[PDB]
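Engineer: Give me a model of this one.
(3 chains, ligands or ions: 2)
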Amino acid sequence: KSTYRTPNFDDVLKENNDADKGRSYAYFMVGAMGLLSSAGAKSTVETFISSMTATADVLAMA
Amino acid sequence: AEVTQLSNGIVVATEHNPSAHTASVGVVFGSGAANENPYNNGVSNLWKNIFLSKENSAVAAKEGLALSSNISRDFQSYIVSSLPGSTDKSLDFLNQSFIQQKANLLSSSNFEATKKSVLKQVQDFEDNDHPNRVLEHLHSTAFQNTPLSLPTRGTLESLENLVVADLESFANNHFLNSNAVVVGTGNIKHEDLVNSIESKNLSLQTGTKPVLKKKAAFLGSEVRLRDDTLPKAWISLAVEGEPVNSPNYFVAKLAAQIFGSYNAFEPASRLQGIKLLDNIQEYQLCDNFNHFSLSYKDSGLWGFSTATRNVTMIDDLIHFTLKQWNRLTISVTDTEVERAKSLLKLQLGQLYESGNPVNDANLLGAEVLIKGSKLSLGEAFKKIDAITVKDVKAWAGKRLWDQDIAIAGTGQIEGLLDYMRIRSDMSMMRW
Amino acid sequence: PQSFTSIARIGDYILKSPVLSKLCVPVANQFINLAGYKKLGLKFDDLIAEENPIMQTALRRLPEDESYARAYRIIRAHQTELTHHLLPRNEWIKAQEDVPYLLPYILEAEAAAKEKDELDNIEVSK
Ligand SMILES: CCCCCCCCCCCCCC(=O)O[C@H](COC(=O)CCCCCCCCCCC)COP(=O)(O)O
Ligand SMILES: CCCCCCCCCCCO[C@@H]1O[C@H](CO)[C@@H](O[C@H]2O[C@H](CO)[C@@H](O)[C@H](O)[C@H]2O)[C@H](O)[C@H]1O
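Structural biologist: Numbering: from 1, shown residues only, chains lettered A, B, ... in the order given. Ligands and ions are numbered 1, 2, ... in the order given. Shown next is the protein structure:
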């Protein structure tokens, strides 16, 4: 079989609907994942940092 | 003095050269490998060889003529060379081969002998010509299932299945007056040629238009022909480029000139004003590389080819090269653009102002078939000098930045990383 | 850090000036004798830090005979140093022998590197 005769990929290849569908979907997915991870990371860092602030039993205003 | 173009039924185009000592007359058809199918692929290449067959060449030689033929993707040519005086003898041979003869050249013994000849020819190319074989596979994967994917020499499978009838079918469908241009280059006048052509009569399939089909499409992909028994790794990589007559035709050619060509064994080549050279010479990442901007009627390919014995550092070769390409979009300098202009002009001048009539014949015919005329260096140079840094950045941001690539490689390519690692390098992280 | 092209520029200026030459050279001679490298069998050029491209280019271009000689002086200096002794007086490098054998190779390499940098950053005035 000739190496010039490329195998069939039609079952996975998108039709000529829009050349940016794959890109836009992928970039939204990656962007939202980056977004929520940043928010998660921020909340996690603050959780630890705030554990070092004055505890509830030492705020005695006497 | 400006290249004449006359039509009376048959479009005749000439380019008189007073300094030329020879003359070339021939016919260029606006059909090439891109007009074949996967099953008759190689038919044009077979035609070229029967035209250059001994019987046909001996006849021409007796008359003091030399035959030349070139099979391209968009076009096909058949040229006869002779002294400036024997210019009419060329036309007779040309007329004979494409009007009188038919069953003479397509005889059982000539066709079979020619077929056997191109078969061994193509087998040798696929077996030994690694850099060109790889470039052919780049086209194949980049434009797969599209006209532009077919190799110009044809494939062994389709070649061994070809019969005289296939040749005839192609000839009847493409060797037409409406799909042709008779060219005249070297030392010859337009009137001398037009009157000698207008001297004869007939038509041979008049008004008949060539067959039509579906347009070329670029597909981000790759084909890997690993062969660990070969001494090097040969790689070709490219993005969708510019078709002929594209508004960015020259901007793309200039962009390719920025990174240019290189031969590690040539002292002066190592001293070129190419920033990529600072990165690749320290650990000698390659033996050579050459950037290109291939242009066709429906599409094009912009990228480079390289050969290397440094099989453990292929990832660095590719990485540094693509990082340099990234620069065309964000930081290419004015001097890089100015150096490219000068060298592009020299390249075109060497291509168009070559001392070869056959070369001029091929270029003239191909261009007049596509745009009806041939652009002059004077106009080309003006367009080139008008290109700015902003034009290069605008073009790169469209064709290079975060764009799909086509890859082809053979030899010791274990070190060539996966598609995505290479594809990710088409851009840089930004804030 | 300071280039040899710069050291030579300043130095040559002092040397070509009858006034400064009479005032600086004697001080330099005492500075060199107090340095003591010659007492270890070394020439000043043997002292130049070599872990940089300019020096590696210079050392590669140094003719074989001188390269073998430099190797010996460096090795002998290390051996003498580790024993915490100086070489016998007759083995000390004489002032006449304390020649800048590597300097011309260094200056040439620096000039070439400077030009490459200039050419790499040239501006075009249209
Ligand atoms: C580094 C060790 C911490 C990792 C533990 C992960 C186990 C899952 C539960 C995490 C809960 C702790 C915080 C919390 O309650 O936040 C909760 C929100 O949690 C998230 O969004 C979690 C998503 C996980 C993202 C983690 C990114 C990785 C951390 C990198 C740090 C440099 C509540 O948030 P809040 O106090 O309301 O602002
Ligand atoms: C430890 C927990 C902390 C988690 C924090 C999450 C980190 C999120 C990082 C998010 C985005 O980082 C961002 O990524 C995108 C790719 O996705 C980069 O994009 C780059 O590549 C993309 C894709 O080829 C190109 O389209 C783009 O033009 C280019 O700039 C962008 O320049 C970078 O700025």
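
Engineer: any idea how far the closest residue to ligand 1 within chain A is from ligand 2?
Structural biologist: Residue nearest to ligand 1 within chain A: residue A:40 (2.4 Å; CB to the nearest ligand atom). C-beta here means a position set from N, CA and C on the backbone, and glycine is covered the same way. Per CB to the nearest ligand atom, to the nearest Å, residue A:40 is found 7 Å from ligand 2.

Engineer: what helix or strand is the most centrally placed residue in chain A on?
Structural biologist: Geometric centre of chain A, nearest residue: residue A:33, 1.4 Å, by CA atoms, centre = their mean. Assigned by DSSP states H and E, residue A:33 belongs to helix A:21-50.

Engineer: Tell me if that helix is near chain B.
Structural biologist: No. With CB under 8 Å from any CB of the partner chain as the criterion, chain B is not reached by helix A:21-50; the gap is at least 8.5 Å.

Engineer: quick one on the thing from earlier: so what's the residue nearest to the centre of chain A up against?
Structural biologist: Under the criterion of CB atoms under 8 Å, 6 or more residues apart in numbering or on different chains, the contact list for residue A:33 is empty.

Engineer: how about residue B:322, what does it touch?
Structural biologist: By CB under 8 Å, 6+ apart, the neighbours of residue B:322 are B:422, B:425-426.

Engineer: can you tell me the residue of chain C closest to chain B?
Structural biologist: Closest residue of chain C to chain B, CB to the nearest CB: residue C:124 (4.7 Å).

Engineer: Would you quantify the distance from the residue of chain A closest to ligand 1 to residue A:34?
Structural biologist: Counting by CB to CB, to the nearest Å, the separation of residue A:40 from residue A:34 is 11 Å.

Engineer: same thing with residue B:76?
Structural biologist: 53 Å.

Engineer: Could you tell me how many residues sit around the residue of chain C found nearest ligand 1?
Structural biologist: Closest to ligand 1 within chain C is residue C:51: 38.8 Å, counting by CB to the nearest ligand atom. Applying other CB atoms under 10 Å in any protein chain shown, we find 6 residues neighbouring residue C:51.

Engineer: And the one 5 residues further on, by the same measure?
Structural biologist: Other residues near residue C:56 number 12, with proximity taken as other CB under 10 Å.

Engineer: center of chain C - which residue?
Structural biologist: residue C:45 (3.2 Å).

Engineer: Now do the same for it: helix, strand or coil?
Structural biologist: Judged by DSSP: H, G, I helix; E, B strand; the rest coil, the three-state class of residue C:45 is helix.

Engineer: for it, what are its contacts?
Structural biologist: C:99-103.

Engineer: 10 Å - rerun?
Structural biologist: C:58, C:62, C:66, C:70, C:73, C:98-103, C:105-106 (CB atoms under 10 Å, 6 or more residues apart in numbering or on different chains).

Engineer: how about the nearest residue to it once chain neighbours are set aside, phi and psi?
Structural biologist: Nearest non-adjacent residue to residue C:45, counting by CB to CB, 6 or more residues apart in numbering or on different chains: residue C:102, 4.1 Å away. When read as degrees, to the nearest 10, the backbone of residue C:102 gives phi -100, psi -30.

Engineer: Tell me how many other residues surround residue C:102.
Structural biologist: Per other CB under 10 Å, the neighbour tally for residue C:102 reads 22.

Engineer: what's the distance between it and residue B:186?
Structural biologist: Separation of residue C:102 from residue B:186 (CB to CB): 62 Å.

Engineer: Okay, strands next: where are they in chain B?
Structural biologist: Ranges of strands in chain B, per DSSP state E, are B:4-7, B:11-16, B:23-29, B:66-71, B:76-82, B:180-186, B:221-226, B:233-240, B:261-263, B:288-295, B:300-308, B:406-411.

Engineer: Same list as before, those strands that is, but in a markdown table and with mean neighbour count and distance to ligand 1 included.
Structural biologist: Formatted as a markdown table, those follow (neighbours: other CB atoms under 10 Å in any protein chain shown; distance: least, CB to the nearest ligand atom, whole Å):
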| stretch | mean neighbour count | distance to ligand 1 |
| --- | --- | --- |
| strand B:4-7 | 14 | 70 |
| strand B:11-16 | 22 | 69 |
| strand B:23-29 | 26 | 65 |
| strand B:66-71 | 20 | 60 |
| strand B:76-82 | 25 | 62 |
| strand B:180-186 | 26 | 67 |
| strand B:221-226 | 17 | 35 |
| strand B:233-240 | 25 | 36 |
| strand B:261-263 | 18 | 45 |
| strand B:288-295 | 20 | 42 |
| strand B:300-308 | 24 | 39 |
| strand B:406-411 | 24 | 35 |
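
Engineer: wait, which of those is closest to residue B:150?
Structural biologist: With CB to CB as the measure, strand B:66-71 is the member of these nearest residue B:150 (11.1 Å).

Engineer: the inter-axis angle of that closest one versus strand B:23-29?
Structural biologist: Here the directions of strand B:66-71 and strand B:23-29 differ by 30 degrees (axes from the mean of the first three to the mean of the last three CA atoms, to 10 degrees).

Engineer: check whether strand B:66-71 contacts chain A.
Structural biologist: No. Strand B:66-71 is not in contact with chain A by CB under 10 Å from any CB of the partner chain; minimum separation 15.6 Å.

Engineer: now for that strand, which elements pack on it?
Structural biologist: strand B:23-29, helix B:43-51, helix B:54-62, strand B:76-82, helix B:87-95, helix B:357-371 (3 or more CB pairs under 10 Å, 6 or more residues apart in numbering or on different chains; DSSP states H and E).

Engineer: Quick check: phi and psi on the residue of the stretch 101-250 of chain B found nearest ligand 1?
Structural biologist: Proximity of the stretch 101-250 of chain B to ligand 1 (CB to the nearest ligand atom) peaks at residue B:220, 32.4 Å away. With angles defined as degrees, to the nearest 10, residue B:220 shows backbone torsions of phi -60, psi 120.

Engineer: list the contacts for it?
Structural biologist: B:141-142, B:239-240, B:403-407, B:419, B:423.

Engineer: again, only using 8 Å
Structural biologist: Counted by CB under 8 Å, 6+ apart, residue B:220 has contacts B:404-406, B:423.

Engineer: Out of those, list just those in helices.
Structural biologist: residue B:423 (DSSP state H).

Engineer: Not including adjacent chain positions, what is the nearest residue to the residue in the stretch 301-431 of chain B positioned nearest to chain A?
Structural biologist: Distances between the stretch 301-431 of chain B and chain A by CB to the nearest CB are smallest at residue B:402, namely 8.5 Å. Nearest non-adjacent residue to residue B:402, counting by CB to CB, 6+ apart: residue B:427, 4.3 Å away.

Engineer: Return the distance of that neighbour relative to residue B:420.
Structural biologist: Residue B:427 is 13 Å from residue B:420, by CB to CB.

Engineer: got the residue ranges for the helices in chain C?
Structural biologist: C:4-15, C:18-35, C:53-61, C:64-82, C:103-120.

Engineer: Quick one, which of the ones you listed gets closest to residue B:352.
Structural biologist: Here helix C:103-120 is closest among the helices of chain C (CB to CB), at 30.3 Å.

Engineer: buried set for that closest one?
Structural biologist: Residues of helix C:103-120 classed as buried: C:103, C:105-107, C:109-110 (neighbour count, 16 or more other CB atoms under 10 Å in any protein chain shown).
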